[PDB]
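Undergrad: So that we are looking at the same thing, I have put the structure below in structure tokens.
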Amino acid sequence: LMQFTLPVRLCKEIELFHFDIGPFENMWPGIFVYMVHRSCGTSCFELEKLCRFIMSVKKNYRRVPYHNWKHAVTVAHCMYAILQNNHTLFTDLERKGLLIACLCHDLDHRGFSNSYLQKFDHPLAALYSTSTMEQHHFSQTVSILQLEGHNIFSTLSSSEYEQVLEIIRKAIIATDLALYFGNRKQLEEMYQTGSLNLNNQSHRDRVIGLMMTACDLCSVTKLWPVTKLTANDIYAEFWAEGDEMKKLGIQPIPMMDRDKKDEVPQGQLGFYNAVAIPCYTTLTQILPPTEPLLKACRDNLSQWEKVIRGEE
Ligand SMILES: Cc1nc2ccccc2nc1-c1cc2nc(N3CC[C@@H](F)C3)cc(N(C)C3CCOCC3)n2n1
Ligand SMILES: [Mg+2]
Ligand SMILES: [Zn+2]
């Protein structure tokens, strides 16, 4: 049968946590299939259904600056690297579920936070009172899975199918950064008091949640030019949201105000110290081979410090 392959530089570098999927959009589907085949197997999905699923997922991402198809694939590659470095800790269903979850986790994102949907009074905020966009992303995932010839899970049993959709729902809900803080605090305590148990389903759930945050934030773990240029796409969205907050007569948070451009370097420090570093720290304690993500994050924090000190 038909192994997907990649050019040599990509074949080698795709295995590393810091890999950038590149600017050639038409190669991103092949990169994902390559990752499913190596992390899951050539037998995991019917190639034809998988190809049709990927192309419908792509079409349901919007041309926004950051929360786009390139983010989806980027977040899947970080998951792939985690799974390939922790081969024997994950069930076959988890391998299957989590790459699809990462590809789908921001489906039909519009470039706005949960908070802006609530203040605009968007219909999605009446349908889903918390984790508004994330419940929408899971709903879009199930919609696409139910299109004719798109059910990539059709060969599982009733209960394996319910389990995989449950892995995907939880993984996608965990990408709500509002739930990250409390999830990591709990994982921290469970690990330090030695009560963390990967046979306890509700513990595994928490560990997958943290893996989803880690993959979602993985732009902070890249080569500095990738990090810094991705930061520009993130702020293009934040600042548009700020603009839309001012049109509703609401002063945006500093993060989203384009008048406070000059503070970006310091806001990045806040984010690395409050979110990213503690995320990759706890992840590294639970899964030692993910340590390269913590080290790259620490390297990028020190590049932001250099931007403040005027050395870059
Ligand atoms: C939320 C995010 N997500 C990323 C994901 C990937 C890559 C970079 C990412 N950066 C950010 C990000 C950007 C940013 N800019 C800030 N300021 C304040 C005014 C001006 F100086 C820029 C302040 C913050 N906070 C301190 C956040 C602390 C954690 O909860 C949300 C608030 N953040 N966080
Ligand atoms: Mg999201
Ligand atoms: Zn995301």
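Each chain of the structure tokens is named A, B, ... in the order shown, its residues numbered from 1; ligands are numbered from 1 in display order.
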Please extract the residues at most 9 Å from ligand 2, counting only C-alpha atoms and all ligand atoms, and provide them as a ChimeraX atom specification, using the chain letters and residue numbers of this document.
TA: /A:67,105-107,109,113,133-134,137,172-173,175-177,216
Undergrad: Write out as a tab-separated table (two decimals) with N, CA, C and O atoms, in the first residue's frame which residues come within 9 Å of stretch 243-250 of chain A when counting only C-alpha atoms, dropping same-chain ones fewer than 6 positions away.
TA:
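New file out.tsv:
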chain	number	residue	atom	x	y	z
A	116	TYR	N	-15.84	38.49	23.82
A	116	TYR	CA	-16.46	39.41	22.83
A	116	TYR	C	-17.81	38.86	22.35
A	116	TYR	O	-18.74	39.67	22.22
A	119	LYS	N	-20.39	39.90	25.03
A	119	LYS	CA	-20.69	41.34	25.04
A	119	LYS	C	-21.42	41.75	23.77
A	119	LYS	O	-22.27	42.61	23.83
A	120	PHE	N	-21.16	41.11	22.65
A	120	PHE	CA	-21.87	41.41	21.40
A	120	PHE	C	-23.30	40.87	21.53
A	120	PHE	O	-24.17	41.40	20.84
A	256	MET	N	-5.70	43.92	23.93
A	256	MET	CA	-6.53	44.02	22.72
A	256	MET	C	-6.59	45.46	22.25
A	256	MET	O	-7.25	45.76	21.23
A	257	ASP	N	-5.84	46.34	22.92
A	257	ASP	CA	-5.88	47.76	22.53
A	257	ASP	C	-4.64	48.04	21.69
A	257	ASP	O	-3.52	47.89	22.24
A	258	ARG	N	-4.83	48.45	20.44
A	258	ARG	CA	-3.72	48.70	19.50
A	258	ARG	C	-3.03	50.02	19.87
A	258	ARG	O	-1.97	50.30	19.28
Undergrad: Based on DSSP run over this structure's backbone, return all residues of stretch 61-228 of chain A in alpha helix (DSSP H), as an NGL selection string.
TA: :A and (69-85 or 92-104 or 114-120 or 123-127 or 132-145 or 158-174 or 177-192 or 201-216 or 224-228)
Undergrad: For ligand 1, collect every residue having any atom at a distance of at most 9 Å from a ligand atom (counting only C-alpha atoms and all ligand atoms); output as JSON, numbers by chain.
TA: {"A": [177, 178, 216, 217, 218, 219, 220, 227, 228, 230, 231, 234, 235, 238, 253, 254, 255, 256, 257, 258, 260, 261, 262, 263, 264, 265, 266, 267, 268, 269, 270, 271, 272, 273, 274, 275, 276]}
Undergrad: Any idea what the distance is between atom CA of residue A:152 and atom CA of residue A:49?
TA: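 Calculated distance between atom CA of residue A:152 and atom CA of residue A:49 is 5.7 Å.
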Undergrad: Choose the residue, out of A:163, A:132, A:74, A:60, that has the smallest atom-to-atom separation from ligand 3; count only C-alpha atoms and all ligand atoms.
TA: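 Of the candidates, the smallest distance to ligand 3 is held by A:74.
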Undergrad: Identify, on the basis of only C-alpha atoms, every residue whose closest approach to residue A:164 does not exceed 8 Å; exclude the query and any residue fewer than 6 positions from it along the same chain; express the result as a list in words.
TA: residues 93, 94, 96 and 97 of chain A
Undergrad: Next, the residues of the selection above should be written as a short mmCIF file (atom, residue, chain, number, x, y, z; two decimals), in the first residue's frame with N, CA, C and O atoms.
TA:
data_model
loop_
_atom_site.label_atom_id
_atom_site.label_comp_id
_atom_site.auth_asym_id
_atom_site.auth_seq_id
_atom_site.Cartn_x
_atom_site.Cartn_y
_atom_site.Cartn_z
N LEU A 93 -7.03 4.32 20.67
CA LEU A 93 -8.14 5.28 20.56
C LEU A 93 -7.63 6.69 20.82
O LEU A 93 -8.11 7.60 20.14
N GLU A 94 -6.78 6.88 21.84
CA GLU A 94 -6.20 8.21 22.14
C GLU A 94 -5.35 8.67 20.95
O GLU A 94 -5.50 9.81 20.55
N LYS A 96 -5.59 7.92 17.75
CA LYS A 96 -6.69 8.19 16.78
C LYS A 96 -7.38 9.53 17.07
O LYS A 96 -7.39 10.41 16.17
N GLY A 97 -7.86 9.69 18.31
CA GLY A 97 -8.72 10.81 18.73
C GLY A 97 -7.99 12.14 18.75
O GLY A 97 -8.55 13.13 18.26
#
Undergrad: Closest to residue A:65 among A:153, A:181, A:112, A:191, using only C-alpha atoms?
TA: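 Closest candidate: A:112.
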Undergrad: Which of these residues is nearest to residue A:51, using only C-alpha atoms: A:131, A:114, A:84, A:151?
TA: A:151
Undergrad: Which residue gives the smallest distance to residue A:81 among A:309, A:295, A:18, A:63, with only C-alpha atoms counted?
TA: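 Smallest separation from residue A:81 among the options: A:18.
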Undergrad: Contacts of residue A:16 at 10 Å or less, counting only C-alpha atoms, minus same-chain residues fewer than 4 places along, as JSON, numbers by chain?
TA: {"A": [12, 20, 77, 78, 80, 81, 82, 84, 85, 292, 293]}
Undergrad: Just want the 12 Å neighbourhood of residue A:167, counted on only C-alpha atoms, with same-chain residues fewer than 5 positions away dropped. Output as a list in words.
TA: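 What passes the distance filter is residues 90, 91, 92, 93, 94, 95, 96, 97, 98, 99, 100, 101, 102, 138, 160, 161, 162, 172, 173, 174, 201, 202, 204, 205, 206, 207, 208, 209 and 212 of chain A.
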Undergrad: Can you write out the residues you just picked, keeping N, CA, C and O atoms, as an mmCIF file, in the first residue's frame?
TA:
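File written: part28.cif
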data_model
loop_
_atom_site.group_PDB
_atom_site.id
_atom_site.type_symbol
_atom_site.label_atom_id
_atom_site.label_comp_id
_atom_site.auth_asym_id
_atom_site.auth_seq_id
_atom_site.Cartn_x
_atom_site.Cartn_y
_atom_site.Cartn_z
ATOM 1 N N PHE A 90 -0.093 5.855 25.616
ATOM 2 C CA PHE A 90 -1.419 6.227 25.093
ATOM 3 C C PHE A 90 -2.043 5.032 24.426
ATOM 4 O O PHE A 90 -1.332 4.298 23.735
ATOM 5 N N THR A 91 -3.357 4.923 24.615
ATOM 6 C CA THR A 91 -4.232 3.880 24.016
ATOM 7 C C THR A 91 -4.321 4.149 22.512
ATOM 8 O O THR A 91 -3.893 5.264 22.060
ATOM 9 N N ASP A 92 -4.815 3.181 21.749
ATOM 10 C CA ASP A 92 -4.870 3.277 20.264
ATOM 11 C C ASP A 92 -5.920 4.331 19.914
ATOM 12 O O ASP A 92 -5.689 5.100 18.970
ATOM 13 N N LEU A 93 -7.026 4.324 20.671
ATOM 14 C CA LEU A 93 -8.141 5.278 20.561
ATOM 15 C C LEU A 93 -7.627 6.693 20.825
ATOM 16 O O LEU A 93 -8.111 7.601 20.144
ATOM 17 N N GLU A 94 -6.775 6.877 21.839
ATOM 18 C CA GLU A 94 -6.201 8.211 22.139
ATOM 19 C C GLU A 94 -5.346 8.675 20.952
ATOM 20 O O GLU A 94 -5.500 9.814 20.552
ATOM 21 N N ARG A 95 -4.491 7.822 20.409
ATOM 22 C CA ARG A 95 -3.652 8.184 19.241
ATOM 23 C C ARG A 95 -4.572 8.703 18.111
ATOM 24 O O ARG A 95 -4.380 9.834 17.694
ATOM 25 N N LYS A 96 -5.591 7.917 17.746
ATOM 26 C CA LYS A 96 -6.690 8.192 16.778
ATOM 27 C C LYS A 96 -7.378 9.528 17.074
ATOM 28 O O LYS A 96 -7.386 10.412 16.174
ATOM 29 N N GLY A 97 -7.858 9.688 18.306
ATOM 30 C CA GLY A 97 -8.715 10.811 18.726
ATOM 31 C C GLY A 97 -7.990 12.139 18.748
ATOM 32 O O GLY A 97 -8.547 13.128 18.265
ATOM 33 N N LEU A 98 -6.796 12.181 19.322
ATOM 34 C CA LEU A 98 -6.140 13.450 19.722
ATOM 35 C C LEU A 98 -5.599 14.219 18.512
ATOM 36 O O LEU A 98 -5.552 15.443 18.579
ATOM 37 N N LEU A 99 -5.227 13.558 17.433
ATOM 38 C CA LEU A 99 -4.706 14.286 16.252
ATOM 39 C C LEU A 99 -5.886 14.902 15.534
ATOM 40 O O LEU A 99 -5.782 16.070 15.090
ATOM 41 N N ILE A 100 -7.010 14.194 15.536
ATOM 42 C CA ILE A 100 -8.256 14.704 14.905
ATOM 43 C C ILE A 100 -8.744 15.868 15.752
ATOM 44 O O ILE A 100 -9.165 16.922 15.189
ATOM 45 N N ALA A 101 -8.672 15.720 17.067
ATOM 46 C CA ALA A 101 -9.107 16.788 17.996
ATOM 47 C C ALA A 101 -8.332 18.094 17.731
ATOM 48 O O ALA A 101 -8.947 19.123 17.688
ATOM 49 N N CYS A 102 -7.026 18.021 17.539
ATOM 50 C CA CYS A 102 -6.121 19.161 17.334
ATOM 51 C C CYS A 102 -6.425 19.795 15.975
ATOM 52 O O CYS A 102 -6.597 20.970 15.918
ATOM 53 N N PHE A 138 -16.474 21.732 18.773
ATOM 54 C CA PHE A 138 -16.884 20.307 18.874
ATOM 55 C C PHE A 138 -18.135 20.010 18.007
ATOM 56 O O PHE A 138 -18.147 18.998 17.247
ATOM 57 N N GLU A 160 -16.458 2.104 21.269
ATOM 58 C CA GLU A 160 -15.169 2.705 20.847
ATOM 59 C C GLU A 160 -15.435 4.057 20.172
ATOM 60 O O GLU A 160 -14.738 5.025 20.479
ATOM 61 N N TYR A 161 -16.445 4.119 19.316
ATOM 62 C CA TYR A 161 -16.938 5.361 18.681
ATOM 63 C C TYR A 161 -17.360 6.359 19.766
ATOM 64 O O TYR A 161 -16.913 7.503 19.666
ATOM 65 N N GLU A 162 -18.178 5.975 20.757
ATOM 66 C CA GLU A 162 -18.596 6.908 21.833
ATOM 67 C C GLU A 162 -17.359 7.351 22.645
ATOM 68 O O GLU A 162 -17.258 8.560 23.057
ATOM 69 N N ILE A 172 -11.111 19.180 23.124
ATOM 70 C CA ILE A 172 -11.439 20.478 22.474
ATOM 71 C C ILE A 172 -11.909 21.465 23.559
ATOM 72 O O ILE A 172 -11.463 22.635 23.524
ATOM 73 N N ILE A 173 -12.774 21.043 24.485
ATOM 74 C CA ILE A 173 -13.200 21.932 25.604
ATOM 75 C C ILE A 173 -11.979 22.434 26.397
ATOM 76 O O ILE A 173 -11.978 23.608 26.818
ATOM 77 N N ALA A 174 -10.962 21.610 26.572
ATOM 78 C CA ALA A 174 -9.761 21.962 27.366
ATOM 79 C C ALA A 174 -8.977 23.104 26.716
ATOM 80 O O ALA A 174 -8.203 23.758 27.437
ATOM 81 N N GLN A 201 -9.180 7.332 34.974
ATOM 82 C CA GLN A 201 -9.691 8.008 33.750
ATOM 83 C C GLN A 201 -9.756 9.528 33.963
ATOM 84 O O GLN A 201 -9.428 10.270 33.050
ATOM 85 N N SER A 202 -10.187 10.001 35.113
ATOM 86 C CA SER A 202 -10.373 11.452 35.339
ATOM 87 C C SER A 202 -8.990 12.126 35.463
ATOM 88 O O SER A 202 -8.859 13.306 35.107
ATOM 89 N N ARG A 204 -6.242 10.977 33.582
ATOM 90 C CA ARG A 204 -5.813 10.962 32.171
ATOM 91 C C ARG A 204 -6.470 12.135 31.457
ATOM 92 O O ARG A 204 -5.786 12.813 30.666
ATOM 93 N N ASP A 205 -7.768 12.318 31.699
ATOM 94 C CA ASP A 205 -8.542 13.443 31.130
ATOM 95 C C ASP A 205 -7.764 14.730 31.381
ATOM 96 O O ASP A 205 -7.605 15.547 30.439
ATOM 97 N N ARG A 206 -7.296 14.940 32.614
ATOM 98 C CA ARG A 206 -6.641 16.220 33.021
ATOM 99 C C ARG A 206 -5.304 16.360 32.270
ATOM 100 O O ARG A 206 -4.984 17.470 31.769
ATOM 101 N N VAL A 207 -4.571 15.250 32.181
ATOM 102 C CA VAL A 207 -3.249 15.168 31.494
ATOM 103 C C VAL A 207 -3.443 15.434 29.988
ATOM 104 O O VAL A 207 -2.685 16.243 29.436
ATOM 105 N N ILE A 208 -4.469 14.867 29.359
ATOM 106 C CA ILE A 208 -4.818 15.240 27.951
ATOM 107 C C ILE A 208 -5.220 16.717 27.831
ATOM 108 O O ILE A 208 -4.796 17.374 26.885
ATOM 109 N N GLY A 209 -5.948 17.255 28.774
ATOM 110 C CA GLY A 209 -6.288 18.690 28.779
ATOM 111 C C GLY A 209 -5.047 19.546 28.727
ATOM 112 O O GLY A 209 -4.962 20.497 27.920
ATOM 113 N N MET A 212 -3.376 19.416 25.444
ATOM 114 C CA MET A 212 -4.105 20.283 24.485
ATOM 115 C C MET A 212 -3.689 21.734 24.664
ATOM 116 O O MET A 212 -3.384 22.380 23.609
#
Undergrad: Which residues, written as number ranges by chain, have at least one atom at most 8 Å from residue A:184, with only C-alpha atoms counted and residues fewer than 4 positions away on the same chain left out?
TA: A: 180, 188, 210, 279, 282
Undergrad: May I have the residues from that selection written out with N, CA, C and O atoms, as a short mmCIF file (atom, residue, chain, number, x, y, z; two decimals), in the first residue's frame?
TA:
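Result written to part05.cif:
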data_model
loop_
_atom_site.label_atom_id
_atom_site.label_comp_id
_atom_site.auth_asym_id
_atom_site.auth_seq_id
_atom_site.Cartn_x
_atom_site.Cartn_y
_atom_site.Cartn_z
N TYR A 180 -7.74 26.18 31.74
CA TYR A 180 -6.33 25.74 31.87
C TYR A 180 -5.86 25.94 33.33
O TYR A 180 -5.23 25.08 33.90
N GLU A 188 -0.66 19.85 39.20
CA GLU A 188 0.55 20.21 39.99
C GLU A 188 0.47 19.46 41.33
O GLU A 188 1.39 18.66 41.66
N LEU A 210 -4.08 19.22 29.55
CA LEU A 210 -2.80 19.98 29.61
C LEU A 210 -2.02 19.81 28.31
O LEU A 210 -1.39 20.79 27.87
N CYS A 279 2.74 25.86 32.16
CA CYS A 279 2.13 24.79 31.32
C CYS A 279 3.18 23.73 30.96
O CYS A 279 2.99 22.50 31.19
N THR A 282 4.78 21.80 34.12
CA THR A 282 3.96 20.69 34.66
C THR A 282 3.95 19.57 33.63
O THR A 282 4.03 18.33 34.03
#
Undergrad: From the set A:76, A:301, A:44, A:27, which residue has the shortest atom-to-atom contact distance to ligand 3, counting only C-alpha atoms and all ligand atoms?
TA: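 Of the candidates, the smallest distance to ligand 3 is held by A:76.
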Undergrad: Which of these, A:199, A:130, A:155, A:118, has the shortest distance to residue A:45 once you count only C-alpha atoms?
TA: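 Nearest candidate to residue A:45 out of A:199, A:130, A:155, A:118: A:155.
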Undergrad: Excluding residue A:300 and any residue of its chain fewer than 3 positions from it, enumerate the residues within 7 Å of it, using only C-alpha atoms, and give them as a ChimeraX atom specification.
TA: /A:220,224,296-297,303-304
